[PDB]
Each structure stands twice: as C-alpha cells, then as structure tokens.
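Using the deposited numbering, you'd call the opening residue of the sequence shown number 8 and step up by one each time.
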Amino acid sequence: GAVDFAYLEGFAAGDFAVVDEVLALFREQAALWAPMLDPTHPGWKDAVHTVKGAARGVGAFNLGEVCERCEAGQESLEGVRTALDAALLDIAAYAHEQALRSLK
C-alpha cells in the first residue's frame, strides 16, 4: 500500500464525494508536475516540493518521504518517479473499486 486510504477517508470525514474530489485533484497535480521530475528539467526542484506536499495531503506518506530524501540528496528523481507510480497505482485502483462497488 503506497497510500493510507484511512488517512484520506478521515480527511473526508468518511464522505466519499470528498475522497473522490481529493483523489482527482491529486491526479491533476501529478499530471502537471510529474513531467518535470527529470534532472534536465529546471522545474524538478519545484516539482519535488509540490509532489511532497500533495503526497502528504492525501496519505501517500512513503512518496512524501522519498521526496524529502530527494531534497536531502539521499534519493534520485528516478526514486521519486517510481514512488509516484506506486501512489498513482493505488489511487487509480481505489477509484476503480468504488465503481465496482457501485455496480455489484
């Protein structure tokens, strides 16, 4: 589990409309900033900072840590990218599960 969905559900006070909103916002931020996670893109540092906060906002605590370590020179941008992949994997799957639940 990359994402602590209990954290996000608490942020939402258990309301799935708010969970759905926040997940969609995170995916939007990821789409904006992830292309900058490349040492040859001058956005990279701002991207790591922004991802770090978005991550901690939604319960992707491991991603947040990886970003903090990258800022400390202890992790690569590749490590941030693969942590971001795991958080997106989780988030997309949670959204899918909600849809499946509504169906069955």
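For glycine and all other residues, C-beta sits at the position ideal for the given N, C-alpha and C.
Check whether residue i and residue j have beta carbons under 8 Å apart
i: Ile-98; j: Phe-23; result: no
i: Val-87; j: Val-55; result: yes
i: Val-10; j: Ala-67; result: yes
i: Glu-85; j: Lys-59; result: no
Local Cβ density within 10 Å of residue i, reported as buried at 16 or more and exposed below that
i: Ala-90; result: buried
i: residue 112; result: Outside the displayed span of the chain (8 to 111) sits residue 112, for which this structure offers no information.
i: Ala-94; result: buried
i: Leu-30; result: buried
i: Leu-44; result: buried
i: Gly-8; result: exposed
Rounded straight-line distance, which links the Cα of residue j to that of residue i
i: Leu-15; j: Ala-37; result: 17 Å
i: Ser-83; j: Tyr-101; result: 28 Å
i: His-48; j: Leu-110; result: 43 Å
i: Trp-40; j: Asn-69; result: 18 Å
i: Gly-17; j: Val-26; result: 9 Å
i: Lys-52; j: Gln-105; result: 34 Å
i: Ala-79; j: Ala-20; result: 34 Å
i: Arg-63; j: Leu-96; result: 16 Å
i: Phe-12; j: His-103; result: 14 Å
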